[PDB]
Amino acid sequence: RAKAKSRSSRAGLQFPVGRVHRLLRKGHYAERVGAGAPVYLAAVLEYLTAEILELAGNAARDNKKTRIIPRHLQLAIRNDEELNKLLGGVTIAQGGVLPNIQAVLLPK
Amino acid sequence: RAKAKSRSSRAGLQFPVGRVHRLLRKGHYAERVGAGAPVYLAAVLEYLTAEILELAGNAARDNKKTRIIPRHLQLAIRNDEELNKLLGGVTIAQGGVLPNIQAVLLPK
Amino acid sequence: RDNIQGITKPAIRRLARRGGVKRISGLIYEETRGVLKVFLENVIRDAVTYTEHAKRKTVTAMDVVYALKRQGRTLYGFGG
Amino acid sequence: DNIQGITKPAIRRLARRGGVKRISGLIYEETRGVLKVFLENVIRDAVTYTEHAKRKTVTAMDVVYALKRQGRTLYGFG
Amino acid sequence: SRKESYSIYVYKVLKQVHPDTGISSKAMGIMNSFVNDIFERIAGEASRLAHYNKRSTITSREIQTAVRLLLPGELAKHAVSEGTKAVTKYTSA
Amino acid sequence: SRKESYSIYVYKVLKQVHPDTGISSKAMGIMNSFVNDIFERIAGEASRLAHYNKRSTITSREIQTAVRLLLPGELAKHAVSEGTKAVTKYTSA
Amino acid sequence: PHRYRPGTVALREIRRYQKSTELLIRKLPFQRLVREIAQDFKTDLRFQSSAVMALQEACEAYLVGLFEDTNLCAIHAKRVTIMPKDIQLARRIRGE
Amino acid sequence: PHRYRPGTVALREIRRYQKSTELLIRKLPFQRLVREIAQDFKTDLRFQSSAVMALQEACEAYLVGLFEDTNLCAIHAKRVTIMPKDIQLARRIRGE
DNA sequence: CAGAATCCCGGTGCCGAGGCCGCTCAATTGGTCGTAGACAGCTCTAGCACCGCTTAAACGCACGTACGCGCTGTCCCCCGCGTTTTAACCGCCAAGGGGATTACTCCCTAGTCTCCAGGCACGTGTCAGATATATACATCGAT
DNA sequence: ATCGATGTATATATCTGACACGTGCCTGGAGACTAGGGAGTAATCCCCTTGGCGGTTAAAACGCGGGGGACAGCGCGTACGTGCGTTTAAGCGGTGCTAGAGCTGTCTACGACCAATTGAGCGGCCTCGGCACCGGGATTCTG
Numbered sequence: 012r013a014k015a016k017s018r019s020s021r022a023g024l025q026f027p028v029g030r031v032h033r034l035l036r037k038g039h040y041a042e043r044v045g046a047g048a049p050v051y052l053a054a055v056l057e058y059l060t061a062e063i064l065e066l067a068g069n070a071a072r073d074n075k076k077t078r079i080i081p082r083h084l085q086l087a088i089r090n091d092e093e094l095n096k097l098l099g100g101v102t103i104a105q106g107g108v109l110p111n112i113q114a115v116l117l118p119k
Numbered sequence: 012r013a014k015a016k017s018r019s020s021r022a023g024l025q026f027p028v029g030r031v032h033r034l035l036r037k038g039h040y041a042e043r044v045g046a047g048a049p050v051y052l053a054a055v056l057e058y059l060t061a062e063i064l065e066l067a068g069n070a071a072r073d074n075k076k077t078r079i080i081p082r083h084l085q086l087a088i089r090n091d092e093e094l095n096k097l098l099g100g101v102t103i104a105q106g107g108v109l110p111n112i113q114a115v116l117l118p119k
Numbered sequence: 024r025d026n027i028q029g030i031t032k033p034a035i036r037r038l039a040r041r042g043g044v045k046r047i048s049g050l051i052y053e054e055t056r057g058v059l060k061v062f063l064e065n066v067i068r069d070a071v072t073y074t075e076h077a078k079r080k081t082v083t084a085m086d087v088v089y090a091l092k093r094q095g096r097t098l099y100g101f102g103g
Numbered sequence: 025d026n027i028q029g030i031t032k033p034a035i036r037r038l039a040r041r042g043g044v045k046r047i048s049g050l051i052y053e054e055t056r057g058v059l060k061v062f063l064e065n066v067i068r069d070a071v072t073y074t075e076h077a078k079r080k081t082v083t084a085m086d087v088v089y090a091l092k093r094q095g096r097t098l099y100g101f102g
Numbered sequence: 033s034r035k036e037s038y039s040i041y042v043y044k045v046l047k048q049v050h051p052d053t054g055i056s057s058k059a060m061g062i063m064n065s066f067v068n069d070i071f072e073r074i075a076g077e078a079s080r081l082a083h084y085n086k087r088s089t090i091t092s093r094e095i096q097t098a099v100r101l102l103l104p105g106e107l108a109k110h111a112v113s114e115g116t117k118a119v120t121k122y123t124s125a
Numbered sequence: 033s034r035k036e037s038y039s040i041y042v043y044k045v046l047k048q049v050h051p052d053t054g055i056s057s058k059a060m061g062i063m064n065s066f067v068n069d070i071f072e073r074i075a076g077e078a079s080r081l082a083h084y085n086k087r088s089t090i091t092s093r094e095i096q097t098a099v100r101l102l103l104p105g106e107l108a109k110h111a112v113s114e115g116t117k118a119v120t121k122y123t124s125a
Numbered sequence: 039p040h041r042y043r044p045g046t047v048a049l050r051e052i053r054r055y056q057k058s059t060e061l062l063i064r065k066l067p068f069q070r071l072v073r074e075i076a077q078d079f080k081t082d083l084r085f086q087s088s089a090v091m092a093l094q095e096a097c098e099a100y101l102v103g104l105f106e107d108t109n110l111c112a113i114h115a116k117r118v119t120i121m122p123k124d125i126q127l128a129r130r131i132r133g134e
Numbered sequence: 039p040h041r042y043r044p045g046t047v048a049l050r051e052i053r054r055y056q057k058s059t060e061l062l063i064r065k066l067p068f069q070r071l072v073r074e075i076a077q078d079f080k081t082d083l084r085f086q087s088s089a090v091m092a093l094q095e096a097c098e099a100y101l102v103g104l105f106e107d108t109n110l111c112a113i114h115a116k117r118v119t120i121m122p123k124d125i126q127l128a129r130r131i132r133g134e
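Residue numbers (PDB author numbering), protein chains in the order written: chain C, 12 to 119; chain G, 12 to 119; chain F, 24 to 103; chain B, 25 to 102; chain H, 33 to 125; chain D, 33 to 125; chain A, 39 to 134; chain E, 39 to 134.
In structure tokens form, the structure reads like this:
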């Protein structure tokens, strides 16, 4: 009997291909699930996770902090013209708002 | 082998309980479907159909017509505060708009 | 009851300040209270409906998350 | 450049159905741009559904599904 | 080949509400799409209710709760009343 | 009972993107909600795409089309390359 | 001679077009525009006769609603002439 | 004594509250309001400590967004003071 | 240009995040087998192209009046500052209602086979609605 | 007060193709029986929700002085609406071609279902340094 090797290690991903395949079967989305579906979906979820964490970390560094907090996630999402479109209907707890004042209101 | 009779006749409905039961099983909504689900859903769909047809038929007489057309359905929906809330996003072809002019625009 | 009066004038001003409003007319307070009450009523009706279907007696955070999700607004940080 | 086929009289007729009494001279060029932006987002989805099916003919159902995905359910075309 | 539609049942209802009125084919098409829409909405919500409680089956309780969530206050009371009447007549037949 | 979460995988990604930075529990809860949100959206569209074509099996083409329909242009452009590379390496192994 | 005062014909046209239900855009010029836009996505496409009709119905239903919203934000400023900034404000508040 | 001119402090408050993140409504009054409204639907209900916090976060986000929309409606009329008709217009265009 | 507000720096100190251990149940490897769907060939529907003709609609011009805009005046209702008071917030102590789990067993739904009638294409024909003509009577603008 | 020139609507007759009905038949709903595991019931644990007291300062309520904003009125000048004569090309009716949507047949590569094995990752515990609070100094900006 060959020594087991995880599917994620074969594909090179960090996310669990086995858990994704299990969730695809238990959700009743269809009666059959092809072998290629979970590798593709795991690769997409990993890409979007890293794409967000990079901007959040840059915001944390600009604030001179070392731990990421929800304020940094709000600042990351609302400053990107594409993330803000995908997550427009989402409110983040303790996120606050972006500084903005109408030019008509400032003093002469 | 007794003579077969439809479930709709037992329930006292016009809509097809058998077709609804088939459509539930073929949709993969769940692995099991109970006996009472299709009778309840058929009765609900029959109720909403009769209400729509009653209002459209009244709107037909107000125009001395004898045949219902999309304009009568549009007028029936947009003049009822309950149906208009349920069908707020729906667009009906050949329906047109309701007559309305703002009081500010009329002559002095 | 009088509990609607607990949303005081200073709290409404602080909310308006976060939104960038510089000057506020004195009639805005009763209008804001009327706008808030219907929102709370709509969300709570759905939350209690989910609580009753489960036969529970305590209202949990998930019932609120699902209610907001149904209204078309998604809340991140409490579950789901 | 067929956007010029949406003539000024047609825009005025649409404004009349909407109840507009008086119309400013710059509304026409703004409306053409708004319509041009609206059409592209629907056609891109219709073509995506057509390509997934490997068909070469765009079909009414592709448009019905494209509109429903945007929240604009259309009744009448099946 | 063979299609499938509700035009028979819609016509049967029409002749009960207004036995002197007819309906055009264009209006019948809209009435046919209306039932498919509401059917999909109710079955969708019933499936979510079943999944949240970790149940394998769909029952009249899921249909009733979905109706109470989807339909407005006055439509919901009547729809629930006659749905329960139909189920009681079926089970007592 | 035991509760599953993506916290360890999000942390592995963070350690790859910014080794010196850390993350608070609240940020982890937000990320854990964002992942389930996008998962359900993609699986939903892949399911609709299967029924419209009378197919009984979900495949990588359904995922690729759902990704092109849901994500904006540049994000979809990159995500499709990532998924194609992953599937190609998995099959070649 | 005979001549009507400004605004009476406009009100008569409003009462006219809110009663009828026909399409107001020319069919053939619209069809050529649909053909021109689709070419940027795929070549040699074909369109069913009903697809163009579905697109035309959707576009006209969208523009009528946009003008309905624009007129209210024109009246709010105590004007009667609609102007571009009214469209821009309506679209900004609608979130599109 | 030294006195700031009208509006100087308002801009400072705007900057202060846009830079902060805490909640702004008092917790006990809001909790009593929530328990009062719920009593109309079912009697003897109980609430988890987190459900009230979820409701408060949702309500404050909704009100801040509505004020953001109302301020654009005020400027369109060339005013500075917000008034009830601005709220009614914003809600009408949003379709609430 | 005096002075009130915000920021930052050095010191204290605590409890939230990073890391370790035990261990069990979810994922992997190997095998069988049934049917979903990939490929080849054919039929014939309906999408594309061209022509001639009539005349509905779009285009270009003149003109004059009703609207949009800028300026001035005035008066009253928001803002900023100070004092009093009221009920929010923190911390500590009690107790018991209700959520979450385990063990049993019964009754509900899925599956297979037969068989027969509900409802789907196809054909026919007759009357509801569309159109042309005549004319009634309502409204708008000037005297 | 009314005239009279335009416009919208109504009443009668003729036509035509859309709707309602009947026929043939086939495939999908109903009747009868069996097997098995999902849901219903009862009992136990214990946790987290409701209720109360004491007390101290952060926050709300009430007054008042004044100034800067909202609102009404006026003048003016040019942008848009109404009506005519000209010209563009939309709409329609007809014929012909062939691209490609929809279907039947064959068959073989794919995914589902079982069983045995073990290690990936979840729960409980430890601890130490990132953050926050206090106080004093430096810089900015406003009336």
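All residues carry an ideal CB built from backbone N, CA and C; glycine is no exception.
Delimiting residues of the alpha helix (DSSP H) encompassing residue i
{"i": "residue 51(G)", "result": "48-72"}
{"i": "residue 62(D)", "result": "57-84"}
{"i": "residue 97(G)", "result": "94-97"}
{"i": "residue 85(B)", "result": "84-93"}
Residue i: contacting residues in chain D (beta-carbon distance under 9 Å)
{"i": "residue 73(F)", "result": "Those do not exist, as residue 73(F) stays about 18 Å from chain D at its closest Cβ, beyond 9 Å."}
Listed by chain order, chain A residues near residue i by CB distance under 7 Å
{"i": "residue 26(B)", "result": "67, 70, 71 and 74"}
Length of the line joining the Cα atoms of residue i and residue j
{"i": "residue 48(C)", "j": "residue 33(C)", "result": "12 Å"}
{"i": "residue 39(A)", "j": "residue 53(A)", "result": "26 Å"}
{"i": "residue 111(D)", "j": "residue 86(B)", "result": "25 Å"}
{"i": "residue 47(H)", "j": "residue 59(G)", "result": "16 Å"}
{"i": "residue 27(B)", "j": "residue 77(A)", "result": "15 Å"}
{"i": "residue 133(E)", "j": "residue 51(F)", "result": "20 Å"}
{"i": "residue 96(B)", "j": "residue 102(G)", "result": "7 Å"}
Where residue i meets chain C, residues with beta-carbon distance less than 8 Å
{"i": "residue 78(F)", "result": "The contacting residues do not exist; residue 78(F) stays about 25 Å from chain C at best."}
Supposed contact pair residue j and residue i - C-beta distance, whole angstroms, cut 8 Å
{"i": "residue 13(F)", "j": "residue 97(E)", "result": "In this structure chain F extends from 24 to 103, so residue 13(F) is not present and cannot be described."}
{"i": "residue 87(C)", "j": "residue 114(C)", "result": "Contact flag wrong, Cβ pair sits at about 26 Å."}
{"i": "residue 97(H)", "j": "residue 107(H)", "result": "Rounded, the Cβ-Cβ distance is 15 Å, inconsistent with contact."}
{"i": "residue 89(A)", "j": "residue 90(B)", "result": "Contact doesn't hold; Cβ gap of about 10 Å is too wide."}
{"i": "residue 78(H)", "j": "residue 55(H)", "result": "That pair is no contact at about 30 Å."}
{"i": "residue 57(C)", "j": "residue 105(C)", "result": "Contact doesn't hold; Cβ gap of about 26 Å is too wide."}
Residue span of the beta strand (DSSP E) that contains residue i, given as start and end
{"i": "residue 103(C)", "result": "101-103"}
{"i": "residue 41(H)", "result": "Here residue 41(H) belongs to no beta strand (DSSP E); instead the alpha helix (DSSP H) covers 39-49."}
{"i": "residue 50(B)", "result": "It is not in any beta strand (DSSP E) - residue 50(B) carries neither H nor E in the DSSP assignment."}
{"i": "residue 55(A)", "result": "From DSSP, residue 55(A) is part of no beta strand (DSSP E) but of the alpha helix (DSSP H) over 46-55."}
{"i": "residue 40(C)", "result": "Neither: residue 40(C) is in no beta strand (DSSP E) and is coded neither H nor E."}
{"i": "residue 99(F)", "result": "97-99"}
Contacts that residue i makes with chain F (C-beta to C-beta distance below 8 Å)
{"i": "residue 107(H)", "result": "Residues of chain F passing the Cβ test: none, with the nearest at roughly 15 Å."}
Residues that residue i contacts on chain A, provided the C-beta gap is smaller than 8 Å
{"i": "residue 127(E)", "result": "110, 111 and 114"}
{"i": "residue 120(E)", "result": "Neighbours of residue 120(E) on chain A: none; closest Cβ ~13 Å, over 8 Å."}
Neighbour list for residue i in chain C, Cβ cutoff strictly below 7 Å
{"i": "residue 97(D)", "result": "In chain order: nothing, as chain C lies at least about 11 Å away."}
Interface residues of chain F facing residue i [CB-CB closer than 9 Å]
{"i": "residue 100(C)", "result": "95, 96 and 97"}
{"i": "residue 101(H)", "result": "69, 72, 73 and 93"}
7 Å Cβ cut-off: residues of chain E touching residue i
{"i": "residue 103(F)", "result": "What residue 103(F) touches in chain E: nothing, since even the nearest Cβ is about 11 Å away."}
Contact list for residue i against chain E, beta-carbon separation under 9 Å
{"i": "residue 131(A)", "result": "107, 110, 111, 127, 128, 131 and 132"}
Contact list for residue i against chain B, beta-carbon separation under 7 Å
{"i": "residue 56(A)", "result": "41"}
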